[PDB]
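Presented below is the structure to which this report refers.
Because the Cβ atoms are built from the backbone with ideal geometry, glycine has one as well, and the counts that use them run over all protein chains shown. Rule-based calculations on the coordinates, nothing more; no lab input.
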Amino acid sequence: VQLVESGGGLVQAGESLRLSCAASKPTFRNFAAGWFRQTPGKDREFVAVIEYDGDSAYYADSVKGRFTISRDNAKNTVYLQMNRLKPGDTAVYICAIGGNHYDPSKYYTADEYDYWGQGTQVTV
Amino acid sequence: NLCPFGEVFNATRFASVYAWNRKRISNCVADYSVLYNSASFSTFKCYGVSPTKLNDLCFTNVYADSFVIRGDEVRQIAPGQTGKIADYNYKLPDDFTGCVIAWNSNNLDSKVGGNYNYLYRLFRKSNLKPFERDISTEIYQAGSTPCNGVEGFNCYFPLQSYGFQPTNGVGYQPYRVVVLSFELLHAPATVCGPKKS
Amino acid sequence: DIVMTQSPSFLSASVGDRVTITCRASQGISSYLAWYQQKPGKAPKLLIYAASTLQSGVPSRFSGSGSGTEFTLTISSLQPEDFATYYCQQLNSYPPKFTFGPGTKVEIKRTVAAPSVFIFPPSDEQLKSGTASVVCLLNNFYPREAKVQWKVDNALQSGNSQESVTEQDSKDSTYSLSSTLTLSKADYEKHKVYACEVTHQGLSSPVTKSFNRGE
Amino acid sequence: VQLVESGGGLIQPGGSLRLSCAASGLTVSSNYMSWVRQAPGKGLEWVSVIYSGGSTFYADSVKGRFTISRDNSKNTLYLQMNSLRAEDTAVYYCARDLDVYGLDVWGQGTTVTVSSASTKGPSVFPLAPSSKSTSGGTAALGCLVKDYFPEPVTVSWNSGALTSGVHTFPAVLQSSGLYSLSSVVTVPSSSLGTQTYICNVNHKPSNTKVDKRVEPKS
Ligand SMILES: *[C@@H]1O[C@H](CO[C@@H]2O[C@@H](C)[C@@H](O)[C@@H](O)[C@@H]2O)[C@@H](O[C@@H]2O[C@H](CO)[C@@H](O)[C@H](O)[C@H]2NC(C)=O)[C@H](O)[C@H]1NC(C)=O
């Protein structure tokens, strides 16, 4: 199963961008889909996560009120509407797909997921 | 009738992963508060279902798989994973609809000198199919010369023993794993939560 | 990541001695320990697996013991072919598949031999090129532990020298060391006395060989 | 049972190189096959493993740049190494992995050297004897083989006639990325004015052959 991220590029402060992560298989509807960013030099950092049904979501405090997550299992794709982008947000954004956990704190850990992607470089 | 969850979770002995147990749950009411209240589970992740709504849903048939593996190998009990457990012992399908529950069992499956009664399959030519159980004990041929049932060079027993000692690290410690599979076919539902029928 | 350690790093012994080398783990790895022997220029050779089981073809003098955080490799009677480096390896780990130890070098023991010290001035051919290399040589000494300190006008020199040590000699089981002090031609002509001080067990006090620029 | 390795050599940073491991006496497709590397003057480190079922795993230091593979018709293991850095310089070993049983079968190893330094011929400078090179009847002399790349170099004394007392030191890598080496010899101090002493340094990678005559000093 392959995960391909798209929708990244060069943008400025205040301007918005939307990220996408398509799934090769229709099984995407049964997993939880999350977003991580690995700023060059540093390690992975959690951004957002959406559950398979979409009836529960969790954002990080750094992007709470600025980013929005959505999904469309018919297209097997996750969405990350990135608004009010600051230069620190410059990173390769990777989308992760794993299980729906009873404890939502597991979404913050990257090792609690199963599939990962290639990443898309966003520059502000 | 309530669903038999104590016999799967409170079981005095779990099965080896190469010979994992499967118990068919049918025609019963299932209350997941037994697992909700207990804060001993290290892993509780569900696929195609949220773990919090399991008391509101019904299923036509539920399968309960149980075995013992290492903590470092629990992550392999998930769709699309690789490793000695996922490839040669227990393979979850990519379209898996169910839950995976695991908890540490160092207090129950560890012996001072070493508990060697838990086995996993180490040698196999090909990867297992989803939900496949291989209980074969035939000598594995690693070369071009036949073994003829005799162990030796390039001729090894396919199963290996875990070394489960209480002084082991959390990655080497035994973890008891329960896998719940859910099917929703065009058939009457036999396993229902208490909130539903 | 479980950390593996070995003690000692270097160890001298004679033929027939009981040799015990220890490998330790940061956490309990049960009996997931393997011992290897590597000789200079060769691939590692498996000696003991499962922390106690001897590999087929390995002499019985090699013994393995321990479980958990401490493991021991014992050679009851040291033999001339066992003089090599020994590594320990943790098995079935995560994230890496297996992690080796720092290794332990087993070397031959003999009587203490003092080093002969020779300092060599730079050549005029090299001084034409604009560089000046001064070489100090330590010949036929034991133990290998020795200190070579470069002094330029009685100023201890650090950061511009490099050392090279030979393996134990096949005949007298001694070592040989060379220290090369490299500096520019302009720097070399700003000073007069170039000394090489050697401290060693066989020397009652540090021996210093020195020359003056321009003979 | 044996493992024959080939493919190693000199490569520049960012280049690519393919390692091979021919197997006899064991079937690669039916075994855990692993690549292990050992940096010069360092310890051993795991690189990659290929399962008998096709599953491949890599160390975090080589993930994304290295690719393990096998050919059943040739019974040969392969290791594709792309985007090589200087820290990948090591002697690479292919080995049959038996998990808890260890790595029993090893290959002879192949050398991978990643460096941007050019191939340069050695400069041989005489190491002349003197009273500072004498120890009461024993005089020492040698040759300094400086600034050469890559390894190795061969040093003989008087066309291979002088062997006793000769000490050729292991080469050290300098901050310039080039190697330096010294070969010394202890001779009777009564022969400095009679016997001639010549060191023969040969560097095949640069086609350099030098015979430097070490004449005595004050
Ligand atoms: C089988 O079940 C018993 C039931 O006790 C638990 O009580 C809670 C702590 C909860 O977390 C649930 O797991 C159970 O309802 C297990 O624990 C023993 O319980 C009795 C009291 O009922 C107590 O006296 C013992 O000390 C408990 N033993 C422990 C904690 O080790 C028991 O361990 C279970 N056995 C297996 C093999 O799973």
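Less than 5 angstrom separates the built amide H of C:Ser164 from those of C:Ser178, all sequence-distant by 5 or more or on a different chain.
Quick one, can you get me the convex hull of the C-alpha atoms of region C:116-212 expressed as volume per residue in Å³? Intermediate results must be reported in sequence, preceding the final value.
Details: hull volume 9.7 nm³, N = 97.
So the per-residue Cα hull volume is 100 Å³.
With a ≥ b ≥ c the root eigenvalues of the C-alpha gyration tensor of chain B, is it rounded (a/c under 1.5), prolate (a/b larger than b/c) or oblate? Cα axes put chain B in the prolate bin. The translational diffusion coefficient of the protein assembly as shown, from Stokes-Einstein at 20 °C and 1.002 mPa s with a Kirkwood hydrodynamic radius over alpha carbon pairs, comes to 70 µm²/s. When a/c reaches 1.5 or more, the comparison of a/b and b/c decides; with that in mind, is region A:1-67 rounded, prolate or oblate per its Cα gyration tensor? It comes out prolate by the Cα gyration axes. When peptides D:182-192, C:114-124 are ranked by their average number of other Cβ atoms within 10 Å per residue, the highest-first order is C:114-124, D:182-192. Once the mean of 1/r is taken over each pair of separate Cα atoms and inverted, chain C shows a Kirkwood hydrodynamic radius of 20.1 Å. Look at the stretch B:150-163: the mean tally of other chain Cβ atoms within 10 Å of its residues' Cβ atoms is 3.
What FRET efficiency, computed as 1/(1 + (r/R0)^6) with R0 = 41 Å and r the Cβ-Cβ distance, is obtained for B:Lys53 and A:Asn83, rounded to the nearest 0.05? Plugging the Cβ-Cβ distance into 1/(1 + (r/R0)^6) gives 0.85.
Classify region B:114-165 from the C-alpha gyration tensor, please: rounded if a/c falls under 1.5, else prolate or oblate depending on whether a/b exceeds b/c. Don't skip to the end; give the middle numbers.
Values: a/c = 2.54, a/b = 1.27, b/c = 2.00.
Oblate.
Annotation for region C:1-82: trypsin sites (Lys or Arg not before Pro) lying in DSSP loop with at most 12 further Cβ atoms inside 10 Å of their Cβ are C:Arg18, C:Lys42.
Candidate cross-link partners of A:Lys86 among the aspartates and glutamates, defined by an alpha-carbon separation under 14 Å and a same-chain spacing of 8 or more, comprise A:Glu15.
By average Cβ neighbour count within 10 Å, what is the ranking of A:41-54, A:6-19 from highest down?
Details: A:41-54: 17.6, A:6-19: 13.4.
For the peptides A:41-54, A:6-19, the packing ranking is A:41-54, A:6-19.
Straight Cα distances below 16 angstrom link C:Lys171 to the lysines C:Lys109, with same-chain residues fewer than 8 positions distant left out. Dividing the Cα radius of gyration of region B:146-196 by its Kirkwood radius returns 1.30 for Rg/Rh. Ranked by the mean number of other Cβ atoms within 10 Å per residue, highest first, peptides B:50-61, C:1-12 order as B:50-61, C:1-12.
Please arrange A:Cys95, C:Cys136 by how many other C-beta atoms lie within 10 Å of their C-beta, fewest to most. Before the final figure, lay out the partial values.
Numbers: A:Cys95 28, C:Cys136 24.
So the ranking, lowest neighbour count to highest, is C:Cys136, A:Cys95.
Restricting attention to chain A, close to 95% of DSSP beta bridges with both partner residues there are antiparallel.
Under a Gaussian network description of chain D, with springs only between Cα atoms under 10 Å, the residue in D:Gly107, D:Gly142, D:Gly43 that fluctuates furthest is D:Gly43. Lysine pair count for chain D (Cα-Cα distance under 27 Å; residues 8 or more apart in sequence or on different chains): 18.
Report the Rg/Rh value for region C:51-129, based on alpha-carbon coordinates and the Kirkwood definition of Rh.
Values: Rg = 21.8 Å, Rh = 17.2 Å.
Reported Rg/Rh (Cα atoms, Kirkwood Rh): 1.26.
Mind checking which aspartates and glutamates have their C-alpha under 14 Å from C:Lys192, skipping anything on the same chain fewer than 8 residues away? C:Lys192 reaches C:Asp153, C:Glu215.
The loop-placed trypsin sites (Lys or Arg not before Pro) in region B:76-115, going by DSSP, that have at most 14 neighbouring Cβ atoms within 10 Å of their Cβ come out as B:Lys111.
Using a 10 Å cut-off around each Cβ of peptide A:98-111, what is the average number of partner chain Cβ atoms that fall inside?
Details: counts 6, 11, 10, 6, 14, 6, 1, 0, 3, 0, 0, 0, 0, 2.
Mean number of neighbouring Cβ atoms from other chains: 4.
Grab the DSSP H runs of chain B that are 4 residues or longer, score each as -39,500 (n - 2.57), total them, divide by all residues and round the 222 nm result to the nearest 500 deg cm²/dmol. Using -39500 (n - 2.57) per qualifying helix, the result is -1500 deg cm²/dmol.
Pairs of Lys residues in chain B are counted when their Cα atoms are under 26 angstrom apart and they lie 8 or more places apart or on different chains; the count is 21.
Ignore the peptide's own chain and count Cβ atoms of other chains within 10 Å of each Cβ in D:20-33; give me the average, rounded.
Neighbouring Cβ atoms belonging to other protein chains average 3 per residue here.
A Förster distance of 56 Å, applied to the separation of the beta-carbon atoms of C:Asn154 and D:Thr194, puts the FRET efficiency at 0.90.
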